Amino acid sequence: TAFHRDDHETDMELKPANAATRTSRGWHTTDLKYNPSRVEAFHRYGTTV
Amino acid sequence: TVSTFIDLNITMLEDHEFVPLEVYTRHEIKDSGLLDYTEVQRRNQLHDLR
Ligand SMILES: *[C@@H]1O[C@H](CO)[C@@H](O[C@@H]2O[C@H](CO)[C@@H](O)[C@H](O)[C@H]2NC(C)=O)[C@H](O)[C@H]1NC(C)=O
């Protein structure tokens, strides 16, 4: 089981995929990846869905 | 009138045109493969920009 940005569960708006040539339609919800904020000399895990 | 001649009937062989004919075109042959590798690649390399 996995969460987005290690955050609570949320229903998100399905956004049309950005334009491309010779491709069928698509839809996503998140445009960017999540990476943890910085604390020095540590391992930190960041989840995107 | 009676005739001393002997008949002979010659008609020229008529013209005939040959139209181009193909059982399978090369596009059907390219489509024969269940997976055209190139098209799969082009589709799958658009995921980040899409
Ligand atoms: C000389 O040429 C042909 C025979 O080789 C005959 O011409 C055809 O005759 C048929 C009937 O047998 C007709 O339906 C056609 O209209 C005729 N023309 C063609 C181009 O086929 C012709 O009759 C022969 N001459 C004589 C006196 O019989």
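Scroll up to find the structure this text is about.
Here is what the cut-offs are and how they apply
Residues numbered from 1 in each chain as written, not as in the entry; some residues may be left out. Chains lettered and ligands numbered in written order. Part of a larger assembly, values for the part shown. Heavy atoms only, no water. Helix = DSSP H or I, 4+ residues; strand = E, 2+ residues; numbered from the N terminus. Buried < 20%, exposed > 50% of the residue type's maximum accessible area, 1.4 Å probe, protein only. Contact = heavy atoms within 4.5 Å. Buried area = accessible area lost by both parts, 1.4 Å probe. Salt bridge = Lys/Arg side-chain N within 4 Å of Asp/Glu carboxyl O. Nonpolar A, V, L, I, M, F, W, Y, C, P; charged D, E, K, R; others polar. Patch = residues over 30% accessible without salt bridge, like charges linked within 9 Å, V, L, I, M, F, W, Y side chains within 5 Å. Areas by Shrake-Rupley, 256 points an atom, 1.4 Å probe, with all protein chains shown as cover.

Looking at this structure, how should I read unusual backbone geometry?
Backbone phi values are negative for most residues with the exception of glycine, while trans is the configuration of most peptide bonds. All names here are of chain A. With a phi angle near 50°, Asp-6 is a residue other than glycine that sits in the positive phi range. Positive phi, close to 55°, is recorded for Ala-41, a residue that is not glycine. Examined against the element boundaries, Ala-41 turns out to sit in the segment after β2 (27–28). Using a relative accessible area of 82% as the deciding quantity, one classes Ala-41 as exposed.

What exactly am I supposed to notice about the interface of chain A and chain B here?
A common way to express how large an interface is: the accessible area buried when the components associate. On the chain B side, the residues contacting the eleven residues of chain A number six residues. Around 660 Å² of area is buried between chain A and chain B when both sides are counted, 31% of it from carbon and sulfur atoms. Of all residues in chain A, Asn18(A), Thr23(A) and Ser24(A) give up the largest surface area on contact with chain B, accounting jointly for 49% of the area buried on that side. The interface formed by chain A and chain B contains one salt bridge. One salt bridge connects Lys33(A) with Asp48(B), and the closest N-O pair in it is separated by 3.6 Å. Here the side of chain A that touches chain B is built from residues that sort into three nonpolar, five polar and three charged.

Where do I start with a nonpolar patch on the surface in this structure?
Together, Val23(B), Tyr24(B) and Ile29(B) give the surface a local cluster of nonpolar side chains, amounting to about 380 Å² of exposed area. You can see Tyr24(B) is positioned in the segment before α1 (26–30).

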